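Chemist: One structure, as structure tokens, below. Some questions next.
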């Protein structure tokens, strides 16, 4: 009688893109104090160059 | 945060010297 439902693994939306976000899913130690997080192409990813 | 450092002063000086105005008032566009 219970109902189960899972959050879908893949994204949903009109447009879906691949981006570069280092350690976006890291869980263990804090890691090196250095990251690279590009914004989605809808913004000005010019600060990274 | 990201790693970034100021450019050498000499380069910045010469670079800033040559920067023409992008938009100017011209009374003609025909």
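Residue numbers (the entry's author numbering), protein chains in the order written: chain L, 226 to 274; chain m, 77 to 106.
Positions of the beta carbon are idealized from the N, C-alpha and C atoms, including for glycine.
Three or more C-beta pairs under 8 Å: does that hold for the region 262-271 of chain L against the region 235-253 of chain L?
Modeler: Result yes; three or more Cβ-Cβ pairs closer than 8 Å.
Chemist: Measure the alpha-carbon distance for residue 231/L versus residue 237/L and round it to whole angstroms.
Modeler: Residue 231/L and residue 237/L: Cα-Cα distance of roughly 14 Å.
Chemist: Which value, in whole angstroms, describes the spacing of the CA atoms of residue 86/m and residue 101/m?
Modeler: Cα to Cα, residue 86/m sits roughly 32 Å from residue 101/m.
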